[PDB]
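**Student:** Contents of model.pdb (PDB, C-alpha atoms (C1' of nucleotides)):
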```pdb
MODEL        1
ATOM      1  CA  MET A   1       4.345 -28.105 -26.041
ATOM      2  CA  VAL A   2       1.437 -28.917 -28.258
ATOM      3  CA  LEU A   3       1.811 -27.438 -31.741
ATOM      4  CA  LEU A   4      -1.460 -28.154 -33.504
ATOM      5  CA  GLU A   5      -3.263 -27.827 -36.812
ATOM      6  CA  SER A   6      -5.201 -24.573 -37.262
ATOM      7  CA  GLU A   7      -8.432 -26.618 -37.181
ATOM      8  CA  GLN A   8      -7.519 -28.654 -34.064
ATOM      9  CA  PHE A   9      -6.236 -25.651 -32.087
ATOM     10  CA  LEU A  10      -9.879 -24.511 -31.949
ATOM     11  CA  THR A  11     -11.411 -27.756 -30.649
ATOM     12  CA  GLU A  12      -8.617 -27.720 -28.053
ATOM     13  CA  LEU A  13      -8.917 -24.035 -27.139
ATOM     14  CA  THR A  14     -12.698 -24.505 -26.876
ATOM     15  CA  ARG A  15     -12.134 -27.518 -24.578
ATOM     16  CA  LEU A  16      -9.713 -25.402 -22.504
ATOM     17  CA  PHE A  17     -12.252 -22.650 -21.745
ATOM     18  CA  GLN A  18     -14.561 -25.337 -20.340
ATOM     19  CA  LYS A  19     -11.981 -26.475 -17.743
ATOM     20  CA  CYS A  20     -11.534 -22.940 -16.418
ATOM     21  CA  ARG A  21     -15.095 -21.760 -15.684
ATOM     22  CA  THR A  22     -15.267 -22.547 -11.968
ATOM     23  CA  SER A  23     -11.628 -21.403 -11.611
ATOM     24  CA  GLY A  24      -8.386 -20.576 -13.441
ATOM     25  CA  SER A  25      -7.299 -17.989 -16.008
ATOM     26  CA  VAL A  26      -7.159 -18.606 -19.760
ATOM     27  CA  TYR A  27      -4.535 -16.768 -21.804
ATOM     28  CA  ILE A  28      -4.334 -16.289 -25.581
ATOM     29  CA  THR A  29      -1.054 -14.876 -26.947
ATOM     30  CA  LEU A  30      -1.130 -13.983 -30.637
ATOM     31  CA  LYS A  31       1.831 -12.604 -32.595
ATOM     32  CA  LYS A  32       3.592 -12.326 -35.951
ATOM     33  CA  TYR A  33       5.728 -15.412 -36.567
ATOM     34  CA  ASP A  34       8.782 -15.701 -38.851
ATOM     35  CA  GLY A  35       8.835 -19.519 -38.972
ATOM     36  CA  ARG A  36      11.913 -19.559 -36.719
ATOM     37  CA  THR A  37      12.637 -23.014 -35.269
ATOM     38  CA  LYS A  38      16.093 -22.310 -33.722
ATOM     39  CA  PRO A  39      18.085 -19.269 -32.501
ATOM     40  CA  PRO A  51      13.094 -16.814 -43.581
ATOM     41  CA  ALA A  52       9.453 -16.082 -44.558
ATOM     42  CA  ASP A  53       7.284 -13.632 -42.589
ATOM     43  CA  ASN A  54       3.768 -14.432 -43.870
ATOM     44  CA  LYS A  55       2.582 -16.303 -40.751
ATOM     45  CA  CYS A  56       0.873 -15.521 -37.461
ATOM     46  CA  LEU A  57       1.179 -17.615 -34.288
ATOM     47  CA  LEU A  58      -1.299 -18.309 -31.523
ATOM     48  CA  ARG A  59      -0.554 -19.695 -28.053
ATOM     49  CA  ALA A  60      -3.242 -20.614 -25.537
ATOM     50  CA  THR A  61      -2.776 -21.797 -21.971
ATOM     51  CA  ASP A  62      -4.490 -22.147 -18.599
ATOM     52  CA  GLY A  63      -1.210 -21.946 -16.673
ATOM     53  CA  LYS A  64      -0.656 -25.713 -16.955
ATOM     54  CA  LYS A  65      -1.474 -27.126 -20.407
ATOM     55  CA  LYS A  66      -0.176 -25.187 -23.417
ATOM     56  CA  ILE A  67      -1.457 -25.363 -26.983
ATOM     57  CA  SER A  68      -0.429 -23.437 -30.065
ATOM     58  CA  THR A  69      -0.906 -23.107 -33.763
ATOM     59  CA  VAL A  70       0.406 -21.229 -36.742
ATOM     60  CA  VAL A  71      -2.017 -19.580 -39.133
ATOM     61  CA  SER A  72      -1.033 -18.540 -42.651
ATOM     62  CA  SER A  73      -2.795 -16.761 -45.541
ATOM     63  CA  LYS A  74      -4.396 -19.902 -47.006
ATOM     64  CA  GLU A  75      -6.309 -20.732 -43.822
ATOM     65  CA  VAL A  76      -6.943 -17.221 -42.403
ATOM     66  CA  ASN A  77     -10.467 -16.500 -43.683
ATOM     67  CA  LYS A  78     -11.588 -19.915 -42.406
ATOM     68  CA  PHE A  79      -9.832 -19.520 -39.045
ATOM     69  CA  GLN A  80     -10.757 -15.844 -38.371
ATOM     70  CA  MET A  81     -14.444 -16.758 -38.677
ATOM     71  CA  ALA A  82     -14.491 -19.887 -36.517
ATOM     72  CA  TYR A  83     -12.178 -18.315 -33.919
ATOM     73  CA  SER A  84     -14.003 -14.975 -33.776
ATOM     74  CA  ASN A  85     -17.166 -17.083 -33.518
ATOM     75  CA  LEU A  86     -15.564 -19.388 -30.923
ATOM     76  CA  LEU A  87     -14.520 -16.563 -28.580
ATOM     77  CA  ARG A  88     -18.035 -15.088 -28.740
ATOM     78  CA  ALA A  89     -19.603 -18.371 -27.597
ATOM     79  CA  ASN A  90     -17.125 -18.814 -24.697
ATOM     80  CA  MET A  91     -16.411 -15.318 -23.350
ATOM     81  CA  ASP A  92     -19.689 -14.950 -21.502
ATOM     82  CA  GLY A  93     -20.541 -13.936 -17.911
ATOM     83  CA  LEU A  94     -20.398 -10.160 -18.430
TER      84      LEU A  94
ATOM     85  CA  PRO B   2      -0.866   2.901 -19.556
ATOM     86  CA  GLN B   3      -4.427   1.516 -19.429
ATOM     87  CA  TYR B   4      -7.157   2.760 -21.773
ATOM     88  CA  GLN B   5     -10.942   3.151 -21.342
ATOM     89  CA  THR B   6     -12.043   4.450 -24.755
ATOM     90  CA  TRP B   7     -11.633   1.124 -26.563
ATOM     91  CA  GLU B   8     -11.685   2.796 -29.980
ATOM     92  CA  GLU B   9      -8.541   4.783 -29.015
ATOM     93  CA  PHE B  10      -6.867   1.708 -27.477
ATOM     94  CA  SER B  11      -7.071   0.026 -30.890
ATOM     95  CA  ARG B  12      -5.844   3.208 -32.608
ATOM     96  CA  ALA B  13      -2.732   3.038 -30.431
ATOM     97  CA  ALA B  14      -2.356  -0.758 -30.527
ATOM     98  CA  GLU B  15      -2.294  -0.951 -34.316
ATOM     99  CA  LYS B  16       0.268   1.913 -34.485
ATOM    100  CA  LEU B  17       2.421   0.174 -31.892
ATOM    101  CA  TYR B  18       2.165  -2.950 -34.061
ATOM    102  CA  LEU B  19       2.789  -1.182 -37.375
ATOM    103  CA  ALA B  20       5.827   0.469 -35.758
ATOM    104  CA  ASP B  21       7.512  -2.934 -35.098
ATOM    105  CA  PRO B  22       5.272  -5.946 -35.902
ATOM    106  CA  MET B  23       7.991  -8.581 -35.308
ATOM    107  CA  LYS B  24       8.476  -7.096 -31.841
ATOM    108  CA  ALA B  25       4.863  -6.385 -30.918
ATOM    109  CA  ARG B  26       2.769  -9.080 -29.233
ATOM    110  CA  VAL B  27      -0.902  -9.210 -28.245
ATOM    111  CA  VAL B  28      -2.223 -10.978 -25.132
ATOM    112  CA  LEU B  29      -5.807 -11.795 -24.179
ATOM    113  CA  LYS B  30      -6.830 -13.142 -20.751
ATOM    114  CA  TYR B  31     -10.313 -14.296 -19.698
ATOM    115  CA  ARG B  32     -11.532 -15.328 -16.250
ATOM    116  CA  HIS B  33     -15.122 -16.641 -16.073
ATOM    117  CA  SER B  34     -14.913 -17.120 -12.287
ATOM    118  CA  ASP B  35     -14.421 -13.336 -11.990
ATOM    119  CA  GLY B  36     -16.593 -12.480 -15.019
ATOM    120  CA  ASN B  37     -14.041 -10.188 -16.637
ATOM    121  CA  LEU B  38     -11.273 -10.036 -19.227
ATOM    122  CA  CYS B  39      -8.145  -8.086 -20.140
ATOM    123  CA  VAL B  40      -6.411  -7.297 -23.449
ATOM    124  CA  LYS B  41      -2.752  -6.299 -23.660
ATOM    125  CA  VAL B  42      -0.672  -5.205 -26.626
ATOM    126  CA  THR B  43       3.005  -4.509 -26.403
ATOM    127  CA  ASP B  44       6.456  -4.443 -27.858
ATOM    128  CA  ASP B  45       8.736  -4.657 -24.834
ATOM    129  CA  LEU B  46       9.146  -0.876 -24.358
ATOM    130  CA  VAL B  47       5.644   0.560 -24.756
ATOM    131  CA  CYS B  48       2.612  -1.195 -23.247
ATOM    132  CA  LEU B  49      -1.086  -0.735 -23.998
ATOM    133  CA  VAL B  50      -3.764  -2.383 -21.859
ATOM    134  CA  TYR B  51      -7.556  -2.628 -21.723
ATOM    135  CA  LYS B  52      -9.511  -4.338 -18.913
ATOM    136  CA  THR B  53     -13.284  -4.872 -19.024
ATOM    137  CA  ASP B  54     -16.256  -6.807 -17.633
ATOM    138  CA  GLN B  55     -18.692  -5.722 -20.366
ATOM    139  CA  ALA B  56     -20.314  -8.142 -22.830
ATOM    140  CA  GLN B  57     -20.257  -5.496 -25.603
ATOM    141  CA  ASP B  58     -16.459  -5.562 -25.939
ATOM    142  CA  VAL B  59     -16.112  -9.249 -26.919
ATOM    143  CA  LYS B  60     -17.229  -8.287 -30.463
ATOM    144  CA  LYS B  61     -14.883  -5.293 -30.774
ATOM    145  CA  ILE B  62     -12.097  -7.553 -29.488
ATOM    146  CA  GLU B  63     -12.815 -10.594 -31.661
ATOM    147  CA  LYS B  64     -13.045  -8.192 -34.636
ATOM    148  CA  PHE B  65      -9.691  -6.756 -33.473
ATOM    149  CA  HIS B  66      -7.962 -10.150 -33.252
ATOM    150  CA  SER B  67      -9.655 -10.808 -36.586
ATOM    151  CA  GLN B  68      -8.211  -7.498 -37.845
ATOM    152  CA  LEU B  69      -4.634  -8.133 -36.672
ATOM    153  CA  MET B  70      -4.127 -11.652 -38.061
ATOM    154  CA  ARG B  71      -4.748 -10.244 -41.554
ATOM    155  CA  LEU B  72      -1.850  -7.808 -41.224
ATOM    156  CA  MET B  73       0.579 -10.267 -39.623
ATOM    157  CA  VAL B  74      -0.233 -12.786 -42.299
ATOM    158  CA  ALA B  75      -0.404 -10.738 -45.511
TER     159      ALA B  75
ATOM    160  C1'   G C   1      37.300 -18.454 -42.518
ATOM    161  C1'   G C   2      35.391 -24.015 -43.763
ATOM    162  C1'   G C   3      34.834 -28.983 -41.890
ATOM    163  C1'   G C   4      34.648 -32.884 -37.478
ATOM    164  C1'   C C   5      34.396 -33.105 -32.150
ATOM    165  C1'   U C   6      33.871 -32.587 -26.808
ATOM    166  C1'   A C   7      33.066 -29.366 -22.228
ATOM    167  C1'   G C   8      29.024 -26.946 -21.625
ATOM    168  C1'   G C   9      24.320 -24.040 -22.405
ATOM    169  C1'   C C  10      18.871 -23.467 -23.543
ATOM    170  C1'   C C  11      13.830 -26.010 -23.542
ATOM    171  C1'   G C  12      10.980 -20.451 -18.922
ATOM    172  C1'   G C  13      10.724 -16.657 -14.793
ATOM    173  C1'   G C  14       8.333 -14.354 -10.554
ATOM    174  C1'   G C  15       4.580 -13.583  -6.163
ATOM    175  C1'   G C  16       1.534 -16.142  -2.438
ATOM    176  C1'   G C  17       0.495 -20.190   0.614
ATOM    177  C1'   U C  18       3.240 -23.793   3.419
ATOM    178  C1'   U C  19       8.630 -24.427   5.537
ATOM    179  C1'   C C  20      13.378 -23.646  10.561
ATOM    180  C1'   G C  21      14.915 -22.314   5.647
ATOM    181  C1'   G C  22      15.613 -23.381  -0.389
ATOM    182  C1'   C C  23      12.865 -25.648  -4.341
ATOM    183  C1'   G C  24       8.079 -28.813  -5.924
ATOM    184  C1'   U C  25       2.935 -30.692  -6.177
ATOM    185  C1'   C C  26      -1.805 -26.021  -4.714
ATOM    186  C1'   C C  27      -3.328 -20.723  -5.939
ATOM    187  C1'   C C  28      -1.888 -16.488  -8.538
ATOM    188  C1'   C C  29       0.850 -12.803 -11.971
ATOM    189  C1'   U C  30       3.580 -13.457 -16.473
ATOM    190  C1'   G C  31       7.592 -15.166 -21.127
ATOM    191  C1'   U C  32       9.531 -18.202 -25.357
ATOM    192  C1'   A C  33      10.178 -20.441 -31.915
ATOM    193  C1'   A C  34      10.912 -24.190 -27.869
ATOM    194  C1'   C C  35      10.028 -30.631 -23.845
ATOM    195  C1'   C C  36       7.576 -35.259 -23.456
ATOM    196  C1'   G C  37       6.683 -39.035 -19.467
ATOM    197  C1'   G C  38       6.395 -40.502 -13.692
ATOM    198  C1'   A C  39       6.005 -39.791  -8.393
ATOM    199  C1'   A C  40       5.290 -36.165  -4.492
ATOM    200  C1'   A C  41       1.196 -32.162   1.954
ATOM    201  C1'   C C  42       0.631 -39.313   6.180
ATOM    202  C1'   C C  43       4.984 -35.774   1.325
ATOM    203  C1'   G C  44       9.573 -35.514  -3.028
ATOM    204  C1'   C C  45      14.851 -33.559  -3.665
ATOM    205  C1'   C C  46      17.548 -30.739  -0.461
ATOM    206  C1'   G C  47      20.714 -27.397   4.037
ATOM    207  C1'   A C  48      22.557 -20.407   3.322
ATOM    208  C1'   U C  49      27.239 -24.316  -1.377
ATOM    209  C1'   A C  50      19.734 -25.347  -0.179
ATOM    210  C1'   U C  51      16.545 -21.865  -5.830
ATOM    211  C1'   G C  52      13.774 -29.289  -6.667
ATOM    212  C1'   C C  53      14.027 -35.409  -7.737
ATOM    213  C1'   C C  54      13.791 -39.701 -11.388
ATOM    214  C1'   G C  55      13.167 -41.412 -16.802
ATOM    215  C1'   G C  56      13.407 -39.963 -22.004
ATOM    216  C1'   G C  57      14.022 -36.396 -26.108
ATOM    217  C1'   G C  58      15.067 -31.872 -29.173
ATOM    218  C1'   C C  59      17.883 -27.656 -30.128
ATOM    219  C1'   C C  60      22.441 -24.800 -29.630
ATOM    220  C1'   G C  61      27.507 -25.660 -29.120
ATOM    221  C1'   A C  62      32.510 -22.924 -27.455
ATOM    222  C1'   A C  63      28.421 -21.547 -27.322
ATOM    223  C1'   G C  64      27.389 -19.151 -23.159
ATOM    224  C1'   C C  65      26.266 -18.677 -18.085
ATOM    225  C1'   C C  66      26.213 -16.139 -13.448
ATOM    226  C1'   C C  67      26.602 -11.503 -10.033
ATOM    227  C1'   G C  68      25.812  -6.031  -9.579
ATOM    228  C1'   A C  69      23.951  -0.795 -11.133
ATOM    229  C1'   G C  70      20.570   2.089 -13.651
ATOM    230  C1'   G C  71      16.405   2.790 -17.325
ATOM    231  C1'   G C  72      11.730   0.876 -19.898
ATOM    232  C1'   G C  73       7.489  -2.095 -18.110
ATOM    233  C1'   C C  74       3.718  -5.603 -15.679
ATOM    234  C1'   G C  75       1.431  -7.635 -11.418
ATOM    235  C1'   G C  76       1.779  -7.126  -6.163
ATOM    236  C1'   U C  77       2.965  -4.589  -1.780
ATOM    237  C1'   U C  78       4.428  -0.766   2.457
ATOM    238  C1'   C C  79       3.134   3.702   4.424
ATOM    239  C1'   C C  80       0.416   8.520   4.401
ATOM    240  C1'   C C  81      -3.980  11.999   3.070
ATOM    241  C1'   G C  82      -9.494  11.154   2.260
ATOM    242  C1'   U C  83     -15.816   9.416   5.056
ATOM    243  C1'   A C  84     -15.413   7.257   0.401
ATOM    244  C1'   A C  85     -14.168   7.291  -4.621
ATOM    245  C1'   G C  86      -9.586   8.631  -5.400
ATOM    246  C1'   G C  87      -4.598  10.667  -4.799
ATOM    247  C1'   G C  88       0.720  10.315  -3.031
ATOM    248  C1'   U C  89       4.313   6.740  -1.654
ATOM    249  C1'   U C  90       7.898   2.278   0.043
ATOM    250  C1'   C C  91       9.916  -2.277  -1.382
ATOM    251  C1'   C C  92       9.672  -6.538  -4.765
ATOM    252  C1'   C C  93       8.874  -7.811  -9.927
ATOM    253  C1'   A C  94       7.277 -11.485 -15.428
ATOM    254  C1'   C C  95       8.881  -9.277 -19.911
ATOM    255  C1'   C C  96      12.691  -5.688 -22.513
ATOM    256  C1'   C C  97      17.235  -2.515 -23.198
ATOM    257  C1'   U C  98      21.977   0.048 -21.447
ATOM    258  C1'   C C  99      26.321   0.004 -18.774
ATOM    259  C1'   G C 100      29.896  -2.626 -15.321
ATOM    260  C1'   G C 101      32.111  -6.995 -13.560
ATOM    261  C1'   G C 102      33.148 -12.619 -12.728
ATOM    262  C1'   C C 103      34.046 -18.048 -14.901
ATOM    263  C1'   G C 104      34.609 -19.883 -20.000
ATOM    264  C1'   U C 105      36.178 -18.577 -24.883
ATOM    265  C1'   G C 106      38.638 -25.865 -25.363
ATOM    266  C1'   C C 107      40.425 -30.405 -28.760
ATOM    267  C1'   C C 108      41.460 -32.150 -34.030
ATOM    268  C1'   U C 109      41.680 -31.065 -39.326
ATOM    269  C1'   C C 110      41.822 -28.150 -44.408
TER     270        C C 110
ENDMDL
END
```
Could I get this structure in the form of structure tokens?
**Tutor:**
Amino acid sequence: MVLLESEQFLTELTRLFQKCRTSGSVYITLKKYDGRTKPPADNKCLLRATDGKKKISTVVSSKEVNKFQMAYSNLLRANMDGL
Amino acid sequence: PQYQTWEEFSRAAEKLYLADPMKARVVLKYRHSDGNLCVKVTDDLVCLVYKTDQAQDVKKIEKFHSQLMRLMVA
RNA sequence: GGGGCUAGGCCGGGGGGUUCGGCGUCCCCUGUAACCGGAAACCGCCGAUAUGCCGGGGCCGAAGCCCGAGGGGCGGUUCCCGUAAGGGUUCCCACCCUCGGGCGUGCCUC
């Protein structure tokens, strides 16, 4: 799976929406993440996006939240149209 | 249990989160070809869901996602 | 208990379409912290022991894995009432828990 930089997750997610206009669903899972990498900080959130076939993800933490929040919130708005 | 009054849906969602944040997850699903979207929030016992095809919600929702990161992060 | 191994396990699951039937490429509904690469509807691996094949990697490691019952829950679906919107209902079911079984719980060392 594609674990990406906070910044690059957006240019990917934005490119994903554009594949799934004439068809396909686009999911965005978002949850609190404890850094776990196998079966102990808790200050991180995790975002997965997928169209059923290609998966992308990224972890956002305090340092990059204000930047992300804005460009993501602003991203969604520009791509969740047709309503 | 689906909601209609968005502003209540949030009021539940955030409580469901606050109750067990490392359990609770939050899904969003958009489908341009049907011109509608859905928003789900759930730990694996309780489930809260909100479907809509209304442009006005995108803002509430983006400012909800925006609201939740904060709390997960800090 | 600590250390070194190996057997093994996980890296998704389900519904539709199609099939004589079981997987896959297609469509759809959904999980994970969690796989990369290749081919495949003139078809690819299969035969009720069928629940994919080939190539490469990571993690876990005697860890687990599988079968059954119920409960939570999602998306479908059967049937019935209604003119309709709706309402009741049958059977599946991602995801989660409880209980009950089956195989395994190995080798070396301090």
**Student:** Any idea what the distance is between CA of residue 31 in chain B and CA of residue 77 in chain A?
**Tutor:**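 Calculated distance between CA of residue 31 in chain B and CA of residue 77 in chain A is 24.1 Å.
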**Student:** Since I can't run it myself right now, could you work out what the PyMOL selection byres ((chain A) within 7 of (chain B)) selects here and report it as a ChimeraX atom specification?
**Tutor:** /A:21-32,54-56,72-73,80,84,87-88,92-94
**Student:** Which of these residues is nearest to residue 62 in chain A, using all atoms listed in the file: A:13, A:76, A:86, A:81?
**Tutor:** A:13
**Student:** Quick one: which residues from chain A are at most 7 Å off chain C, using only C-alpha atoms (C1' of nucleotides), as a list in words?
**Tutor:**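 That gives the following set of residues: residues 1, 36, 37 and 38 of chain A.
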**Student:** Please tabulate, as a tab-separated table, the residues of chain B that come within 9 Å of chain C, each with its closest pair of atoms and the distance in Å to one decimal, counting all atoms listed in the file and ordering rows by chain, then residue number upward.
**Tutor:**
```
residue	atom	partner	partner_atom	distance
B:44	CA	C:96	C1'	8.3
B:45	CA	C:96	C1'	4.7
B:46	CA	C:72	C1'	5.4
B:47	CA	C:73	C1'	7.4
B:48	CA	C:73	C1'	7.1
```
**Student:** Could you spell out the hits of the PyMOL selection byres ((chain C and resi 75) around 9) on the shown file, as a list in words?
**Tutor:**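 Answer for the PyMOL selection byres ((chain C and resi 75) around 9): residues 15, 29, 30, 74, 76, 93 and 94 of chain C.
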**Student:** Given the PyMOL selection byres ((chain C and resi 100-102) around 9) and the file above, list the residues it selects as number ranges by chain.
**Tutor:** C: 66-69, 99, 103
**Student:** Nearest residue to residue 21 in chain C out of C:37, C:9, C:47, C:88, using all atoms listed in the file?
**Tutor:**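 Of C:37, C:9, C:47, C:88, the one nearest residue 21 in chain C is C:47, counting all atoms listed in the file.
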**Student:** Mind pulling up the distance from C1' of residue 91 in chain C to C1' of residue 32 in chain C?
**Tutor:**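 So the two atoms, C1' of residue 32 in chain C and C1' of residue 91 in chain C, lie 28.8 Å apart.
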**Student:** Tell me, as a PDB file with C-alpha atoms (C1' of nucleotides), keeping the file's coordinate frame, which residues lie within 10 Å of residue 40 in chain C, counting all atoms listed in the file; anything in the same chain fewer than 3 positions away does not count.
**Tutor:**
```
ATOM      1  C1'   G C  24       8.079 -28.813  -5.924  1.00  0.00           C
ATOM      2  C1'   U C  25       2.935 -30.692  -6.177  1.00  0.00           C
ATOM      3  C1'   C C  43       4.984 -35.774   1.325  1.00  0.00           C
ATOM      4  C1'   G C  44       9.573 -35.514  -3.028  1.00  0.00           C
ATOM      5  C1'   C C  45      14.851 -33.559  -3.665  1.00  0.00           C
ATOM      6  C1'   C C  53      14.027 -35.409  -7.737  1.00  0.00           C
TER       7        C C  53
END
```
**Student:** At what distance in Å, to one decimal, does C1' of residue 31 in chain C lie from CA of residue 61 in chain A?
**Tutor:**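 Separation between CA of residue 61 in chain A and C1' of residue 31 in chain C: 12.3 Å.
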